[PDB]
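Protein sequence lines correspond, in order, to chains A, B, C, D, E and F. Going from the first sequence to my numbering is simple: count from 1 and add 66. Going from the second sequence to my numbering is simple: count from 1 and add 1111. Going from the third sequence to my numbering is simple: count from 1 and add 66. Going from the fourth sequence to my numbering is simple: count from 1 and add 66. Going from the fifth sequence to my numbering is simple: count from 1 and add 1111. Going from the sixth sequence to my numbering is simple: count from 1 and add 66. In this text, a Cβ means the ideal position worked out from N, Cα and C, and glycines have one as well. Contents: one structure, followed by commentary.
There are 6 protein chains.
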Amino acid sequence: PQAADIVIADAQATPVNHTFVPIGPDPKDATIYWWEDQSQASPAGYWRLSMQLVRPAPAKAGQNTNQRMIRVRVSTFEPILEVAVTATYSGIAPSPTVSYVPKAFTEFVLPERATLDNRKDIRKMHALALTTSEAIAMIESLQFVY
Amino acid sequence: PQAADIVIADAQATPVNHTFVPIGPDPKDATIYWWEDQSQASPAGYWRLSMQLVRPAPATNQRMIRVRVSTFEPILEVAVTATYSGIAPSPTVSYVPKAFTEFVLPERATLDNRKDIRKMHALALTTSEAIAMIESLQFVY
Amino acid sequence: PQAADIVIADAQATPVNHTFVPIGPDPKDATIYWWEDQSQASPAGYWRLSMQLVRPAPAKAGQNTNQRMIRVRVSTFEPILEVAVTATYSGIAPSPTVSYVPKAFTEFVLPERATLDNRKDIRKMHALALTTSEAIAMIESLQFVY
Amino acid sequence: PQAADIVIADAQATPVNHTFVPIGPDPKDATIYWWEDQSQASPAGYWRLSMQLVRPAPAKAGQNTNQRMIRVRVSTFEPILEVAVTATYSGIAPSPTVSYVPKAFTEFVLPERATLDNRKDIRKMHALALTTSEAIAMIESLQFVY
Amino acid sequence: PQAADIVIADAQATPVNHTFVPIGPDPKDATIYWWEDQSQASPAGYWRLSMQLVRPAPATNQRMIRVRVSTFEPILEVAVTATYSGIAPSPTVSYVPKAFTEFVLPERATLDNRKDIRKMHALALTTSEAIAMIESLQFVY
Amino acid sequence: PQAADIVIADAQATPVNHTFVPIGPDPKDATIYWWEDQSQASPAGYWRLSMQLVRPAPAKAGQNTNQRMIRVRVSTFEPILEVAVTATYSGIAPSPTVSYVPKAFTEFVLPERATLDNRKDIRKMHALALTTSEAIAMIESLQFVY
Ligand SMILES: [Ca+2]
């Protein structure tokens, strides 16, 4: 697929669509690509999304492939800003800094011999496992299972 | 909340519900809990789901709560019709597609921040780009 | 030109279009770009196409040009996946393995000195030379000229 | 196929047919045959075309074939003759000298195991890959894909 | 944005549009992208334009985004009418006027700050003083 | 030209003219001159502009000049202030400090043998290249080209 905007909904009372515009490929790794939500107050607080596909070297004739594997990594960074003062004096506006950065990192290990069905299974089922009542209780409510 | 069955839909043409029964906490680590789908051929191929919540000790602006959700879907080898000796081998695992997701949530982060990161990452796994990368194995250009 | 799908016709009775989706630039070498035909049986057997442009470091003031040269390499790989038969030692069918790989490699050496007309000439005339009755007889029917 | 003239069109505004008369097999290597375009200014600048078929020694009884391979190499050389200017040291105009040589080299690796369909596929699809808009942009306009 | 032709006007009596076709990213550095004006005599004299955007890695109040715009306008030597041997030399570059501009933009800097620095520097290159220094080679006294 | 005020327009909705009064030559380098926009809240936040012309030593009789070069450097500094509190208590006003400094540095390398036409070309065309839609997308919108 081509590089396009990626739109993801907020978790507010009335959800707000955040649009991640593609920034481009990573400077140092050609296998990871970067989108950015530039709606925040300064770039220090912009939210970032990165997707990475790592393919193995092409198979050789007669080579045994049951150990070659493909990796996919999705990563989201949502830095939160803070400000030292909330007003503006004599044209000097408050300049926010980063306060903390919640983030998430997901990695799929897909062995090259796997079926399209296996890949659809692992993708759908993991994405669903992130939305189970237990997952919500652990990530949002910070309560383990007893 | 108390641990109970976790039901997750298949990705077949007609989806099939897989029910992960709670097995219990990991003997080595009390922070990670295991559910298991026992519908497969033999227990070596049972699908597994682990959820882990690591809270820092009660007490310093670098204190972060971690949450790890992991899904393993091992695929067993099909029953053999013939071997060199005539005795069928033990059930063996052919390959294992798996997934590992980790949330890093600073202790200062508000409930709104946590809801945001969870919803938005889960959605980021279902984008057209994510589906092209994981299912069709295509990069973005 | 922005990277896009490359569609090339088969050589069957009724030609079948193969669509090569870009994978992207080689992480090991940035001067070579990769498209992949995902219509095969499993990824190890996906056909691939690679195009490489190697331009020399820019000319310097008073420098001598008469040896600086540009290279372009187009390569196509069409690996044929092995078809499984009954495995008798373990009764476990083997991982998908590549049986053999028919491939082609074309390299243009274009000296920087050369004119656009020279480059158009060499490209067109070589691409035609690959379609001559003699080339067809050598590659397809394995016959020399006498 | 008996050796005969090979006629290939130019890339000019009005294409001009170049006729390559066979010179014959290379005396040093019998598996490579040579045609020559004699329309240039003097023989040193005659364009040349070479086709090579390397078939392996015949399969032997009980021998293993899985590595034996056939190679076909088509090569085109279009040397550009230097245009003379006034010689000032001796006042004697120089012998015809080749200024630079744009050239192209294509090698097909066809494993003996491969079927006629495989060979037709690789030949047609590579010859087409040399005519894609991307190949035209790289060879003629010196632009990569991004 | 996707890369496309960049058209820049000459400084002739009647200006002439030079069209810089995108060549692509630099093989050595993925952060710098190259356009090329191919209207000159031979490729050694093609005019070039490079734009580079260096973002710091996602993660500390000394984190700065850099942007470098560079223009090269090499001037080739004219075709020779006579040499010592009678063979004309390969196209050679006589001299190269060039320009290099670098923006240092702290990550805390707001869109207004970035618009200010870009507009104001670009204007600073067109002041009467700048024109006297670059074109007429005169200092201010 | 004489040292005079330099007036440059803001990028606000309704642009505001900033007037850079000449401060004078640099203390340590006699080849770089300094203007300053003193409209800001305290000198820590004043905006500065510097122009530098570096000429080579005069040519010697019979000396070959194809390596001597002239450099011109224009530099703009726009520090942004921040304040700890926005009101005044008991006659104590808030005193701002510097928060961050966006800046820009441009260097022309003009070989001494270059024509007035070459210099006008490089000046105009670079100044224009700073205002292209791509330059605006990269500096203001922080998006690379893909
Ligand atoms: Ca692109």
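Inset, instruction - Determine which residues share a DSSP beta bridge with F/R139 and list them. - result: F/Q118, F/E173
Legend entry - Chain-ordered chain C contacts of B/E1188 [CB-CB under 7 angstroms]: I158
Inset, instruction - Would you kindly check if the distance between the Cβ of F/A195 and the Cβ of E/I1245 is under 8 angstroms? - result: no
Legend entry - Unbroken beta strand (DSSP E) run spanning B/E1147, endpoints: Going by DSSP, B/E1147 is part of the beta strand (DSSP E) stretching over 1143-1148.
Legend entry - C-alpha gap between A/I202 and A/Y212, whole angstroms: Cα to Cα, the separation comes out at about 15 angstroms.
Inset, instruction - Could you spell out the range, first to last residue, of the alpha helix (DSSP H) harbouring A/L194? - result: 182-195
Legend entry - For D/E144, the nearest candidate out of D/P124, D/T97, D/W113, D/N184 (CA to CA): Out of D/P124, D/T97, D/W113, D/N184, D/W113 has the C-alpha closest to the C-alpha of D/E144.
Inset, instruction - Please go through the same chain and pick out, in chain order, the residues whose beta-carbon is closer than 7 angstroms to the beta-carbon of F/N132, but skip the five residues on each side of it. - result: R179
Inset, instruction - Kindly list, in the order they appear in chain B, the residues whose Cβ is closer than 7 angstroms to that of A/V175. - result: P1208, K1209
Inset, instruction - Reducing DSSP to helix, strand and coil, say where A/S199 ends up. - result: helix
Legend entry - D/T163 vs C/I72 beta-carbon contact at 8 angstroms: no
Inset, instruction - Run the CB neighbour count on E/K1209, radius 10 Å, all protein chains shown included, and call it buried at 16 or more, exposed below. - result: buried
Legend entry - Nearest residue (CA-CA) to C/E173, options C/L182, C/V167, C/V151, C/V140: C/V140
Inset, instruction - Quick one: using the 10 Å Cβ neighbour count with 16 as the cut-off for buried, is E/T1182 buried or exposed? - result: Around the beta carbon of E/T1182, 16 or more other beta carbons lie within 10 angstroms, which makes this residue buried.
Inset, instruction - With 8 angstroms as the threshold, decide whether the Cβ of A/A195 is near any Cβ in chain C. - result: no
Inset, instruction - On a CA-only basis, which of A/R121, A/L115, A/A127, A/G111 is nearest D/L176? Give me that one, please. - result: A/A127
Inset, instruction - Spell out whether any CB of chain F is found under 8 angstroms from the CB atom of E/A1114. - result: yes
Inset, instruction - Take every Cβ of the stretch 1120-1139 of chain B, pair it with every Cβ of the stretch 1189-1199 of chain B, and state whether three or more of those distances are shorter than 8 angstroms. - result: no
Legend entry - Distance cut 7 angstroms, beta-carbon to ligand 1 heavy atom: residue list by chain order: A/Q68, A/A69, B/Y1252, C/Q68, C/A69, D/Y212, E/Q1113, F/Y212
Inset, instruction - Starting from the Cα of B/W1145, find the closest Cα among B/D1137, B/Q1151, B/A1168 and give me that residue. - result: B/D1137
Inset, instruction - Flag A/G128 as yes if its beta-carbon sits less than 8 angstroms from any beta-carbon of chain C, otherwise no. - result: Closer than 8 angstroms to some Cβ of chain C, the Cβ of A/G128 qualifies, so yes.
Legend entry - Proximity test, Cβ basis, 8 angstroms: F/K190 and chain E: By this cut-off, F/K190 is an interface position.
Inset, instruction - Measure how close the beta-carbons of D/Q118 and D/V138 come, nearest whole angstrom, since I'm counting them as under 8 angstroms. - result: 7 angstroms
Legend entry - Assigned exposure category for D/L182 - 16 Cβ within 10 Å defines buried: With fewer than 16 Cβ atoms within 10 Å of its Cβ, D/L182 is classed as exposed.
Inset, instruction - Count the other C-beta atoms from every protein chain shown that fall within 10 angstroms of the C-beta of A/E148, then say buried if there are 16 or more, exposed otherwise. - result: exposed
Legend entry - Cutoff 8 angstroms; reference B/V1207; Cβ partners in own chain excluding five residues on either side: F1183, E1184, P1185, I1186
Legend entry - D/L208 beta carbon less than 8 angstroms from that of C/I136: yes
Inset, instruction - Confirm, please, whether the CB-CB distance from F/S165 to A/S108 is below 8 angstroms. - result: No, the pair does not count as a contact, with Cβ atoms beyond the cut-off.
Inset, instruction - Return the bridge partner residues of B/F1131 from the DSSP annotation. - result: B/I1117, B/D1148
Legend entry - Separation of D/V120 from C/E200, as counted between CA atoms: 14 angstroms
Inset, instruction - Please list, in chain order, all residues of the same chain as C/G111 whose beta carbon is under 8 angstroms from its beta carbon, the five residues on each side excluded. - result: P145, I146, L147, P162, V164
Inset, instruction - Indicate whether at least one CB of chain B lies closer than 8 angstroms to the CB of C/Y155. - result: Contact with chain B is found for C/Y155, since one of that chain's Cβ atoms lies less than 8 angstroms from the residue's Cβ.
Inset, instruction - Tell me whether the beta-carbon of D/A193 lies closer than 8 angstroms to the beta-carbon of C/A193. - result: yes
Inset, instruction - Can you have a look at D/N184 and say buried or exposed, based on whether 16 or more other CB atoms are within 10 angstroms of its CB? - result: Answer is buried; the Cβ neighbour count reaches 16.
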